[PDB]
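Asker: Starting off with a structure, shown below.
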Amino acid sequence: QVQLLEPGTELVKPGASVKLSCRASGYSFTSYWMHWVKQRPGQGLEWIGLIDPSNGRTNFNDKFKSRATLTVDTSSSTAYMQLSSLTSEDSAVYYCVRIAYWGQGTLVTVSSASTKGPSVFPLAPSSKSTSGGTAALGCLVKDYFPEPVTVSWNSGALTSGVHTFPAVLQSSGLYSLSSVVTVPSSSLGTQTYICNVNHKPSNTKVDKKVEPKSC
Amino acid sequence: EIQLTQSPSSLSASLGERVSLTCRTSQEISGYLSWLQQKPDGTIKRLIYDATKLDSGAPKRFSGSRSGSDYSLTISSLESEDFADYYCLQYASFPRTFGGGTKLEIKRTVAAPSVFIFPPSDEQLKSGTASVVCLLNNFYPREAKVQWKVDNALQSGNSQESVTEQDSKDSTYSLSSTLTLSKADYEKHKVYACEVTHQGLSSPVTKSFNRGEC
Ligand SMILES: CC(=O)Nc1ccc2c(S(=O)(=O)O)cccc2c1S(=O)(=O)O
């Protein structure tokens, strides 16, 4: 019954600000402090601060005092966190939290990069890629922005042996991801291998055939 | 600020095993501590509050105890749902602070990776950049060391890697590493290699190719 509702994902430019909402329900809003927590990707939890919605009083982590603003709208049972002068170090999931109940979080990405669909390159099966009776093959999904990308193989008909990796953020500000599958080296002449790449943020789909061929 | 020191950082264990996680405080917090669980999907749930009280929504296999500045989370008999990340939180002092986390993963036997190397595609080379990819497939444990060499010269700072989540069927990990060179650099050298070490390999495994040669 107690619920905390946050937006999904947000892209923001460096030096800009972000204002996140947290809509509360199922309890008396002014009766519990509302906290904000940050989590950088693959890192731990960090406390930003709290606001008491009954009187607007706040308490902050010194580390965020200079750039975070907490408010509430008691009429809509919504708490807000504004964070300014953003840098890449502020890319993170942000959660609103009250005692016993944690929000789902909002993913904030700080970037000056522009939308760009991927270039899909073959990771072609070779002798330098063939463990005994097994060959590895794949697709390199490079230079796209923002996340995410999804990959399938033979329209999801091929799933066993597939490994689609977390993307990395390159120094360029664009992402790169690989997707591999291991298959019998003997199938490379009877069966076609195609990676199905979809970049929803640019509504782009790419289907690329991955071939050994002559050389 | 009151520092919470969590240990172990990572713990490997089996279904059914009893385990305990510890959180130590830099100052006295008198029992004002909770234990939080974060699922592999990101969702966070409270298991214990007031150091030793069970959250109404948490199963009974979770217990909390403490003595002075030592707080422990115990799982009586591990189930599959329990492999996740765990954090302590104190609420005795401002600012509120968290432990650094403990990652609980499923223990299995050592499995050496299968290693594959991929040269840049012709398609990519046409446009100026060369990416070389080394794949480490279905290994355990997760710790693995990949080194790139170009004409036997050890490379530094020009590669990135990522690792999959622990496999649901076989509890292994896989790893992808990408070496990025400009095309100009790539065409000035011949031998490209990835050298792998892992608990499962009695000696390093090197996969290599010579540029422009099938
Ligand atoms: C007195 C008391 O119980 N304080 C608690 C207890 C639990 C808390 C949680 S938890 O429920 O996720 O562990 C999350 C955020 C704040 C919490 C606070 S407080 O900072 O609001 O005081």
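Residues in the structure tokens are named by chain (A, B, ... in the order shown) and by number from 1 within that chain; ligands are numbered from 1 in the order shown.
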Quick check: residues of chain B within 9 Å of chain A, only C-alpha atoms, returned as a ChimeraX atom specification.
Answerer: /B:42-46,49,55,87,94-101,114-124,131,133,135,137,160-165,174-176,207-209,213-214
Asker: Range 189-198 of chain B: which residues within 6 Å, counting only C-alpha atoms, same-chain residues fewer than 4 positions away excluded, as a ChimeraX atom specification?
Answerer: /B:144-151,204-211
Asker: Restricting the calculation to only C-alpha atoms and all ligand atoms: of B:11, B:4, B:88, B:110, which residue gets closest to ligand 1?
Answerer: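 Once distances to ligand 1 are computed over only C-alpha atoms and all ligand atoms, the minimum belongs to B:88.
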Asker: Under the rule that only C-alpha atoms are counted, which of B:201, B:15, B:89, B:70 is the nearest residue to residue 2 in chain B?
Answerer: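 Closest to residue 2 in chain B, using only C-alpha atoms: B:89.
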Asker: Taking the backbone alone, and naming residues the way the document does, which bits of range 24-171 of chain B are strand (DSSP E or B) by DSSP, as a PyMOL selection string?
Answerer: chain B and resi 24-25+33-38+44-49+53-54+62-67+70-75+85-90+97-98+102-106+111+114-118+129-140+145-150+153-154+159-163
Asker: Ranking B:185, B:170, B:50, B:28 by minimum distance to ligand 1 and counting only C-alpha atoms and all ligand atoms, which one comes first?
Answerer: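 Checking each candidate against ligand 1, we get B:50 as the closest.
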Asker: Between B:183, B:53, B:18, B:169, which one has atoms that come closest to ligand 1, using only C-alpha atoms and all ligand atoms?
Answerer: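 The shortest atom-to-atom distance to ligand 1 comes from B:53.
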Asker: Considering only C-alpha atoms, return as a PyMOL selection string whatever protein or nucleic-acid residues lie within 10 Å of residue 40 in chain A, sequence-local ones (same chain, fewer than 5 positions apart) excluded.
Answerer: chain A and resi 45-46+89-94+107-108
Asker: Limited to N, CA, C and O atoms, could you put the picked residues into a file as a PDB file, in the first residue's frame?
Answerer:
ATOM      1  N   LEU A  45      25.721   2.911  -2.165  1.00  0.00           N
ATOM      2  CA  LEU A  45      24.745   3.915  -1.799  1.00  0.00           C
ATOM      3  C   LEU A  45      25.380   5.090  -1.072  1.00  0.00           C
ATOM      4  O   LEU A  45      26.241   4.957  -0.212  1.00  0.00           O
ATOM      5  N   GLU A  46      24.939   6.303  -1.404  1.00  0.00           N
ATOM      6  CA  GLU A  46      25.359   7.532  -0.763  1.00  0.00           C
ATOM      7  C   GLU A  46      24.133   8.386  -0.432  1.00  0.00           C
ATOM      8  O   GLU A  46      23.227   8.599  -1.242  1.00  0.00           O
ATOM      9  N   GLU A  89      30.251  12.961 -12.822  1.00  0.00           N
ATOM     10  CA  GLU A  89      30.227  12.294 -11.515  1.00  0.00           C
ATOM     11  C   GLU A  89      28.844  12.216 -10.905  1.00  0.00           C
ATOM     12  O   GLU A  89      28.615  11.510  -9.917  1.00  0.00           O
ATOM     13  N   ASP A  90      27.879  12.894 -11.504  1.00  0.00           N
ATOM     14  CA  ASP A  90      26.518  12.901 -10.994  1.00  0.00           C
ATOM     15  C   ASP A  90      25.653  11.914 -11.766  1.00  0.00           C
ATOM     16  O   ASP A  90      24.460  11.814 -11.502  1.00  0.00           O
ATOM     17  N   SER A  91      26.237  11.204 -12.736  1.00  0.00           N
ATOM     18  CA  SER A  91      25.497  10.129 -13.397  1.00  0.00           C
ATOM     19  C   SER A  91      25.266   9.016 -12.379  1.00  0.00           C
ATOM     20  O   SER A  91      26.240   8.502 -11.807  1.00  0.00           O
ATOM     21  N   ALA A  92      24.011   8.658 -12.156  1.00  0.00           N
ATOM     22  CA  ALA A  92      23.695   7.715 -11.085  1.00  0.00           C
ATOM     23  C   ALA A  92      22.203   7.419 -11.070  1.00  0.00           C
ATOM     24  O   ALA A  92      21.415   8.171 -11.644  1.00  0.00           O
ATOM     25  N   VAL A  93      21.815   6.376 -10.384  1.00  0.00           N
ATOM     26  CA  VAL A  93      20.434   6.196  -9.974  1.00  0.00           C
ATOM     27  C   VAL A  93      20.181   6.984  -8.702  1.00  0.00           C
ATOM     28  O   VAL A  93      20.956   6.908  -7.753  1.00  0.00           O
ATOM     29  N   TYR A  94      19.094   7.719  -8.683  1.00  0.00           N
ATOM     30  CA  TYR A  94      18.679   8.456  -7.498  1.00  0.00           C
ATOM     31  C   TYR A  94      17.389   7.867  -6.962  1.00  0.00           C
ATOM     32  O   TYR A  94      16.415   7.720  -7.708  1.00  0.00           O
ATOM     33  N   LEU A 107      17.191   6.896 -13.217  1.00  0.00           N
ATOM     34  CA  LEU A 107      18.547   6.890 -13.717  1.00  0.00           C
ATOM     35  C   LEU A 107      18.826   8.214 -14.440  1.00  0.00           C
ATOM     36  O   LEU A 107      18.150   8.526 -15.417  1.00  0.00           O
ATOM     37  N   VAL A 108      19.805   8.944 -13.924  1.00  0.00           N
ATOM     38  CA  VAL A 108      20.236  10.211 -14.483  1.00  0.00           C
ATOM     39  C   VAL A 108      21.595  10.060 -15.164  1.00  0.00           C
ATOM     40  O   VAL A 108      22.569   9.587 -14.580  1.00  0.00           O
TER      41      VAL A 108
END
Asker: Name the residues in contact with range 4-7 of chain A at a cut-off of 6 Å, using only C-alpha atoms, excluding same-chain residues fewer than 6 positions from it; report them as a ChimeraX atom specification.
Answerer: /A:21-24,103,106
Asker: Would you please extract all alpha helix (DSSP H) residues from range 122-166 of chain B, as assigned by DSSP on the backbone, and give them as a VMD selection string?
Answerer: chain B and resid 122 to 126
Asker: Any idea what the distance is between CA of residue 14 in chain B and CA of residue 138 in chain B?
Answerer: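 Computed distance, CA of residue 14 in chain B to CA of residue 138 in chain B, equals 18.7 Å.
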Asker: With only C-alpha atoms as the counted atoms, please give the residues lying no more than 12 Å from residue 203 in chain A, apart from itself and same-chain residues fewer than 2 positions off, as a CSV table (one decimal) with N, CA, C and O atoms, in the first residue's frame.
Answerer:
chain,number,residue,atom,x,y,z
A,115,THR,N,22.6,12.1,-29.7
A,115,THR,CA,22.0,10.9,-30.2
A,115,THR,C,22.7,10.4,-31.5
A,115,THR,O,22.9,11.2,-32.4
A,116,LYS,N,23.0,9.1,-31.5
A,116,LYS,CA,23.7,8.5,-32.6
A,116,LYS,C,23.5,7.0,-32.5
A,116,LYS,O,23.7,6.3,-31.5
A,117,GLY,N,23.0,6.5,-33.7
A,117,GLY,CA,22.8,5.0,-33.8
A,117,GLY,C,24.1,4.3,-33.9
A,117,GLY,O,25.1,5.0,-34.3
A,118,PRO,N,24.2,3.0,-33.6
A,118,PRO,CA,25.4,2.3,-33.7
A,118,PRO,C,25.9,1.9,-35.1
A,118,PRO,O,25.2,1.8,-36.1
A,144,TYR,N,27.5,4.5,-30.1
A,144,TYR,CA,26.0,4.8,-30.0
A,144,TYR,C,25.8,5.6,-28.8
A,144,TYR,O,26.6,5.5,-27.8
A,145,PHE,N,24.7,6.4,-28.8
A,145,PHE,CA,24.3,7.2,-27.7
A,145,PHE,C,22.8,7.5,-27.8
A,145,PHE,O,22.4,7.8,-28.9
A,146,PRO,N,22.1,7.6,-26.7
A,146,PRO,CA,22.4,7.0,-25.4
A,146,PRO,C,22.2,5.5,-25.3
A,146,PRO,O,21.8,4.9,-26.3
A,147,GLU,N,22.3,5.0,-24.1
A,147,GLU,CA,21.8,3.6,-23.8
A,147,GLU,C,20.3,3.6,-23.9
A,147,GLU,O,19.7,4.7,-23.8
A,148,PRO,N,19.7,2.5,-24.1
A,148,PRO,CA,20.3,1.2,-24.3
A,148,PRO,C,20.2,0.7,-25.7
A,148,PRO,O,19.5,1.2,-26.6
A,149,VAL,N,20.9,-0.4,-25.9
A,149,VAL,CA,20.8,-1.3,-27.0
A,149,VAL,C,20.4,-2.7,-26.5
A,149,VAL,O,20.8,-3.1,-25.4
A,150,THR,N,19.7,-3.4,-27.4
A,150,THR,CA,19.3,-4.8,-27.2
A,150,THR,C,19.9,-5.6,-28.4
A,150,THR,O,19.9,-5.1,-29.5
A,197,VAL,N,20.2,-6.1,-33.8
A,197,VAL,CA,20.5,-4.9,-33.0
A,197,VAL,C,19.4,-3.8,-33.0
A,197,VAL,O,19.1,-3.3,-34.1
A,198,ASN,N,18.9,-3.5,-31.9
A,198,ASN,CA,17.9,-2.4,-31.8
A,198,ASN,C,18.4,-1.4,-30.8
A,198,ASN,O,18.6,-1.7,-29.6
A,199,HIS,N,18.5,-0.2,-31.2
A,199,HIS,CA,18.8,1.0,-30.4
A,199,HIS,C,17.5,1.8,-30.3
A,199,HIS,O,17.2,2.7,-31.1
A,200,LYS,N,16.6,1.5,-29.3
A,200,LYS,CA,15.4,2.2,-29.2
A,200,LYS,C,15.6,3.7,-29.1
A,200,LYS,O,14.8,4.5,-29.7
A,201,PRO,N,16.5,4.2,-28.3
A,201,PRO,CA,16.6,5.7,-28.2
A,201,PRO,C,16.8,6.4,-29.5
A,201,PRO,O,16.5,7.7,-29.6
A,205,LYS,N,17.1,-0.1,-35.9
A,205,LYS,CA,17.4,-1.5,-35.9
A,205,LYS,C,18.5,-1.8,-36.9
A,205,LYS,O,18.4,-1.3,-38.0
A,206,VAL,N,19.4,-2.7,-36.6
A,206,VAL,CA,20.4,-3.2,-37.5
A,206,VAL,C,20.4,-4.7,-37.4
A,206,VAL,O,20.5,-5.2,-36.3
Asker: Can you tell me how far CA of residue 79 in chain A sits from CA of residue 42 in chain A, in Å to one decimal?
Answerer: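 For CA of residue 79 in chain A relative to CA of residue 42 in chain A, the distance reads 26.2 Å.
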